[PDB]
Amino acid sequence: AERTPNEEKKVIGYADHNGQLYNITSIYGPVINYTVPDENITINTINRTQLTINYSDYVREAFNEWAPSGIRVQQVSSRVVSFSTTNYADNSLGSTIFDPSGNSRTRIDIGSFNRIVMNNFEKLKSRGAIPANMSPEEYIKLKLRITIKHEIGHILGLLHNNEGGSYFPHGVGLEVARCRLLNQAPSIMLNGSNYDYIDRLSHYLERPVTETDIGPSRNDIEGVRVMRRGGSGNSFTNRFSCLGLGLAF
């Protein structure tokens, strides 16, 4: 594997107005209770493609992706985490509201997917970021899992890689769990305005990318471990996740 640039391994957590990281254990409880409405998601584009799949299995699978952080969950039938679909068609596949009261909401726009999900299908094909093998059907599932996993990151108190020091409704982004010494995949919390996760992931893997490849990076997981215990954003135990390695120098 190639060497992921530090900027793509940087993980930013949500701190309040006094530099203290939100505690997602305190916010959600020891177990994250969440609701997911019954429908299978009905996305399809014209180039015409066709696809439907259960929202519940993807929230299921995505959550398990983040399980190495030590978080534990439980789907609860309709202050609770809310998943849903929307139809704004507004140039934004997914969106999450982080709520310190516990009622964090994640929405997956269906209209935006139908419009812009394949806008990068063959600039990804030809650069070899995705296998020429894959169908329009599974490039849309790939994008959906990535989108959902990314939004889960937000549920769990993470922001985007480049939002350190930036102000948000409930505070400020502060870098957590820094580790530059250990090579790893790019964060799945890359700012989508500035990076294409698939392209960066492929760049790292030095080959086309499938769905067994995507997921939270090592630092993403350590970031959530920090968010699970909260505390000061200036604490060294919170700011660094492999500084012990410095002793080997």
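Quick note: we count residues from 1 along the sequence shown, nothing fancier.
TODO: Could you tell me how many residues of the deposited sequence sit unmodelled between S78 and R79 (none, 1 to 3, 4 to 9, 10 or more)?
DONE: Missing residues, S78 to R79: 4 to 9.
- [ ] Please figure out whether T212 and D213 are truly consecutive in the deposited sequence or have unmodelled residues between them, and give none, 1 to 3, 4 to 9, or 10 or more.
- [x] According to the record, the chain runs unbroken from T212 to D213.
TODO: Can you let me know which of the two, 221-229 or 15-23, has the higher average C-alpha B-factor in the entry?
DONE: Stretch with the higher mean C-alpha B-factor: 15-23.
TODO: Name the higher of the two by mean Cα B-factor in the PDB entry, 69-77 versus 120-128.
DONE: The stretch with the larger average C-alpha B-factor is 120-128.
TODO: Tell me, please, which of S202, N194, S187, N44 has the highest C-alpha B factor according to the deposited entry?
DONE: Among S202, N194, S187, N44, the PDB entry lists the largest C-alpha B-factor for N44.
Open item on the list: Splitting the chain's C-alpha B-factors into thirds, which one does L182 fall into?
Closed with: According to the entry, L182 has a C-alpha B-factor in the chain's lowest third.
Task: B-factor third for the C-alpha atom of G94 within its chain - done: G94: CA B-factor falls in the middle third of its chain.
TODO: State the tercile, meaning the lowest, middle or highest third, of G29 with respect to the CA B-factors recorded for its chain.
DONE: As the PDB entry reports it, the C-alpha B-factor of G29 lands in the middle third of its chain.
TODO: Please rank the C-alpha B-factors of the chain's modelled residues and tell me whether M134 sits in the lowest, middle or highest third.
DONE: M134: CA B-factor falls in the highest third of its chain.
Open item on the list: When the deposited Cα B-factors of this chain's modelled residues are ordered and cut into thirds, is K149 in the lowest, the middle or the highest one?
Closed with: Tercile = middle for this residue's CA B-factor.
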